[PDB]
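This is what each chain is made of:
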Amino acid sequence: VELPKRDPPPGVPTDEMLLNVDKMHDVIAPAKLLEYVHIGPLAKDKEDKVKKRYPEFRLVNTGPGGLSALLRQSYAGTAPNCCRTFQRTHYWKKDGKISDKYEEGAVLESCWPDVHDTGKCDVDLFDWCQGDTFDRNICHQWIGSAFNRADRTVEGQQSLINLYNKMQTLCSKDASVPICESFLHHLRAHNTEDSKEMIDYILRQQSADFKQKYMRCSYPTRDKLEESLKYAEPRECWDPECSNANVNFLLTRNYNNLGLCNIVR
Amino acid sequence: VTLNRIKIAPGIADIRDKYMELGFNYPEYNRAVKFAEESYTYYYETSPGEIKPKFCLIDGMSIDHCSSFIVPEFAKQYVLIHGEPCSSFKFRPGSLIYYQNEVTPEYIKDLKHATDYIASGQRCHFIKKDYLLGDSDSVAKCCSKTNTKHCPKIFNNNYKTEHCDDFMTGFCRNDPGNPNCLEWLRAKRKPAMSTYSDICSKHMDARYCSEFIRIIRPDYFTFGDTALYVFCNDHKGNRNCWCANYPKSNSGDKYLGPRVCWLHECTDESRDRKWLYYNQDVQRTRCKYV
Amino acid sequence: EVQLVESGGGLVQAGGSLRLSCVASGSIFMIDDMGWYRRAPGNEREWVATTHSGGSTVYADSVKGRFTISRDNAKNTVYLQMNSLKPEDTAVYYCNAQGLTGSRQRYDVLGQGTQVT
Amino acid sequence: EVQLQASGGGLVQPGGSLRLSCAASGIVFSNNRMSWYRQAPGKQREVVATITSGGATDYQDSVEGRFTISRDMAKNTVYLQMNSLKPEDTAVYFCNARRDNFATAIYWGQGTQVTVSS
């Protein structure tokens, strides 16, 4: 017969329906776990491309008509590309090349947020700083983050115990290397009983040449030790071997006696 | 089963609901099937955090038709999900058949299978989320706190979360004195402190670096130490670089650690602590001055 | 004990010159660095110049080229020549000295200086 | 009238420890640098340990870390704790007191024998 034909009203898209994955390279990257970054309508043909571009994610189908989102499942960041810096949280691989900027064929690989406090960077930075690749800023900041024991996870704390033992066995061979000098500096900064005892052990296990070159303030000659008794002030205050000496290579007794000096004012 | 008569009666309650009265051959198939057709333009919610327009998107229909009943500005925070399965009249695409009284789902399935008058589909089901960012300049507008009109809570929360760090690391390197930049620095995250350590290594004489040193100490002091070292190596003629970099050939480490007490200028409260290493600043409390 | 004596300060018309002298006395075993500070009424201190051991001079940007500092270790004295004087230099000048006493004690002392206007 | 009687010495095997005591009667520690000397048969005396008016301690490099010089102000007694004693440490250990600034007030005390037998 005569059906009452009626066409539906003209549709109006929303913000979700107008999203384009080829524009959200700065939105999907800072996404965390259990976060649904709605990427919008996605054709079936581009699903493989968006899945190979963001491998750390899962393409979850949220709504009809191809409406999908990307859900973070993992942080696939290598140690050399995530540990030797403190500002980079992600990078892009393309033709076997790491880049900071984005390329439409590149692949996003991101770093754990505050990865240094997870301890995963200890093994890489232990070898990267011990050598000619030693960056003063990066390695000093890494030692600082290591002594930040309260901001680390349980994995971080056990890796920190292991790192303490490893640095102790390393710096006992030679403390003149820059990484061990910064480790002694931060052990001074910590200023606990364990830290002072560790400094003392590290400096006592040093070789005779090292003691003769660096520890002439802690180990004085017999003439200077005899002369130091003729004055009431501690030896370290007037001793020229303590006036100009690397403060990181002093024993804790000497480091403290250097502060007990009375300054005439 | 062929169709003999078919009319539309208005609704007893809602103006959007009507009754398709169909009488076929074989009197058992005749029914007054209730069906709804949407006409509102929603700027509110039917259910808490939910929008269900009376519209059955048939399989293959354009998605836009589910959202033709929502005010655009109000729809920016809502997403479209999978809805309850429904039936629609093929000659009235978008109608929402109601399974009232004698009109059971088995009956409508039989109609669909033996009449080509009913198409299966999905109910329009909108769920309340936050704003959907899609442009790369949108995250810049939201994180820089320059236009927070349509910004999600993850990109507009005074830097409580690790979303704006990637942008602020480049934003504040160019504008260090920005108040929002200092607010982001006060979050005490590694990217912010590293960015401001790279900033103060070049421009330490500025006051935002005084604020930076005040923020980072005493827990995260190494950034300030490295910044002061680089600044006093680059700027050796600066007077303030006197206690941390003594200008006397091979004796720059003249006032390191407790030796800071040996010069009263390095311990004055009138001097900003930014110009001293952390191991120097801590010794100031223990200076025996006689 | 270490004692510092200043001399040579006086009143002078704007645009003139004046030389200050600072002498150290007492039990003194080491004289490392010796500088000059300046304090105005109602204003804080301000560093003017410094001489290390070995005659090296470091001047403040406020009096570069105008003032000239020098030392004499044969007599334990520090001289400061002040040329092209200005009315804003009206302030009392002191000399600061760091070193070791006769009993090998650290000293960072600052003696009462003369008035310069 | 000044009493600096050292005591506590004896015979110990290598590695053993000994706590030497020296109780002053006529000298206040707040005014004197207290040193422990030793002298071996055939050689001259040498400083083993010292502590200023304040708790600042200093040791000879040969005995650094093995010896600890302690001070009790309420009892006015200076101690020397000798751990990991070597045969090189066999000597007569005695007390010494130098006034802070009087200089000429250098008082010595009777010694005590310390022997190590390999």
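Residues numbered from 1 in each chain as written, not as in the entry; some residues may be left out. Chains lettered and ligands numbered in written order. Heavy atoms only, no water.

With that out of the way, let us pick up the overall build of chain C. The helix and strand inventory of chain C stands at zero helices and ten strands. Sequence-ordered secondary structure for chain C, helices as α and strands as β, is β-β-β-β-β-β-β-β-β-β. With the principal axes as the frame, chain C shows a C-alpha extent of 45 × 30 × 20 Å. For chain C, the proportion of its 117 residues judged to be buried stands at 45%. Relative to all contacts within chain C whose residues are 6 or more apart in sequence, the contacts with residues 24 or more apart total 51%. A total accessible area of about 5500 Å² is found for chain C, and carbon and sulfur atoms account for 47% of it. Of the charged side chains in chain C, 11 are positive and 11 negative; the average position of the first set lies 3 Å away from that of the second. (Helix = DSSP H or I, 4+ residues; strand = E, 2+ residues; numbered from the N terminus. Buried < 20%, exposed > 50% of the residue type's maximum accessible area, 1.4 Å probe, protein only. Contact = heavy atoms within 4.5 Å. Areas by Shrake-Rupley, 256 points an atom, 1.4 Å probe, with all protein chains shown as cover. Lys, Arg positive; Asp, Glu negative; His and termini not counted. Charge placed at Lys NZ, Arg CZ, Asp CG, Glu CD.)

As a further point, take the domain arrangement of chain B. Domain assignment breaks chain B into domain 1 (3-128) and domain 2 (136-285). Summarising the inter-unit geometry, the C-alpha centres of domain 1 of chain B and domain 2 of chain B are found 62 Å apart. (Domains from an automatic or database assignment.)

Let us now look at the side chain of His-90 of chain A. Here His-90 of chain A shows up in strand β4 (residues 90-93). Engagement of the side chain of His-90 of chain A in a polar contact is seen with the side chain of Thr-89 of chain A, the distance being 3.3 Å. The residues touching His-90 of chain A, leaving out its near neighbours within four places in the chain, are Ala-29, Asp-100, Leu-108, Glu-109, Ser-110 and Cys-111 of chain A together with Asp-166 of chain B. (Polar contact = N/O pair within 3.5 Å; in protein donor to acceptor, adjacent residues only side chain to side chain.)

Let us now look at the packing of aromatic side chains. Taken as a whole, this structure holds 29 aromatic pairs over all chains when the rule is applied. A centroid spacing of 5.5 Å and a plane angle of 50° characterise the contact between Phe-55 of chain B and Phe-69 of chain B, whose relative ring orientation is tilted. A residue pair is termed long-range when its members are at least 10 positions apart, and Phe-55 of chain B in the loop between β4 (50-51) and β5 (56-58) and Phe-69 of chain B in the loop between β5 and α1 (72-75) qualify at 14 residues. We classify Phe-55 of chain B as buried; its relative accessible area is 1%. With 6.1 Å between their ring centres and 25° between their planes, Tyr-196 of chain B and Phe-212 of chain B make a pair best called stacked. Note that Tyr-196 of chain B is positioned in helix α6 (residues 190-200) and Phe-212 of chain B in helix α7 (residues 207-216), a separation of 16 residues in sequence. The structure contains a cluster of three or more aromatic residues connected by ring pairs, namely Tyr-54, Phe-57, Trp-92 and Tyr-102 of chain A. When the ring centre of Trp-47 of chain C is taken as reference, the NZ or CZ atom of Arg-239 of chain B above it lies at 4.6 Å. Between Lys-254 of chain B and the ring centre of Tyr-255 of chain B, over which it is positioned, the NZ or CZ distance is 5.8 Å. (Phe/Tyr/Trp six-rings, centres within 6.5 Å; stacked < 30°, edge-to-face > 60°. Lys NZ or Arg CZ within 6 Å of the ring centre and 35° of its normal.)

We now examine the environment of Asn-96 of chain C. Residues and elements named next belong to chain C. Tracing the backbone shows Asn-96 in strand β8 (residues 91-101). With 61 residues separating them along the chain, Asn-96 and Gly-35 place their C-alpha atoms 5.2 Å apart. At 2.6 Å, the side chain of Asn-96 forms a polar contact with the side chain of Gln-98.

Turning our eyes to something else, we now look at the sheet that holds strand β7 (residues 67-72) of chain D. Residues and elements named next belong to chain D. Reading across the sheet, the four strands line up as β1-β3-β8-β7 and stay open at both edges, with antiparallel pairing between neighbours. Unpaired on one side and paired on the other, β1 (3-7) and β7 mark the two borders of the sheet. Neighbouring strand axes in the sheet, compared pairwise and without regard to direction, differ in orientation by 15° on average. Of the pairings in the sheet, the one linking β7 to strand β8 (residues 77-82) comprises six bridges and is antiparallel in character. Paired with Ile-69 across the two strands is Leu-80, which belongs to β8. (Pairing = 2+ DSSP bridges. Axes fitted to C-alpha atoms, helices over the stretch in contact; angles between N-to-C directions.)

Here we take up the nonpolar core. Side chains that are nonpolar tend, in soluble globular proteins, to be buried together. If you look at the biggest cluster of nonpolar residues, it comprises 96 residues, and the most contacted ones within it are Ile-28, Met-167 and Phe-183 of chain A together with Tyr-196 of chain B. Non-local contacts of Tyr-196 of chain B, meaning those with residues more than four positions away in its chain, are made with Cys-172, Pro-176, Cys-181, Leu-182, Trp-184, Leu-185, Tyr-208 and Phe-212 of chain B. Formed by 29 residues, the second largest nonpolar core is a distinct cluster that contains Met-34, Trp-36, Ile-51 and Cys-95 of chain D. (Core = buried A, V, L, I, M, F, W, Y, C linked by side-chain atoms within 4.5 Å.)

Glancing now at the pattern of salt bridges. Applying the stated rule across the entire model yields 51 salt bridges over all chains. Of the charged contacts in the structure, one is a salt bridge between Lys-52 of chain B and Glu-50 of chain B, with a shortest N-O distance of 4.0 Å. On the basis of relative accessible area, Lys-52 of chain B is assigned to the partly exposed category, the value being 33%. Overall, the relative accessible area of 16% leaves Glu-50 of chain B in the buried class. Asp-281 of chain B is paired through a salt bridge with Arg-284 of chain B; the nearest N and O atoms lie 3.0 Å apart. Summarising the burial analysis for this pair, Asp-281 of chain B and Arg-284 of chain B share the class buried. Members of the salt-bridge network, linked through shared partners, are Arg-222 of chain A together with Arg-38, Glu-46, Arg-66 and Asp-89 of chain D. (Salt bridge = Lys/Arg side-chain N within 4 Å of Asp/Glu carboxyl O.)

Counting residues at the interface gives 71 residues for chain B and 68 residues for chain A. Carbon and sulfur atoms supply 58% of the area that chain B and chain A bury against each other, a total of about 6200 Å² over both sides. Contact with chain A buries surface across chain B, with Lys-190, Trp-262 and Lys-288 of chain B losing the most and accounting together for 11% of the total. Where chain B meets chain A, there are five salt bridges. With two bridges connecting them, strand β7 (residues 262-263) of chain A and strand β11 (residues 288-289) of chain B associate as parallel partners. Residue pairing for β11 of chain B: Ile-263 of chain A is matched across the bridge by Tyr-289 of chain B. (Buried area = accessible area lost by both parts, 1.4 Å probe.)

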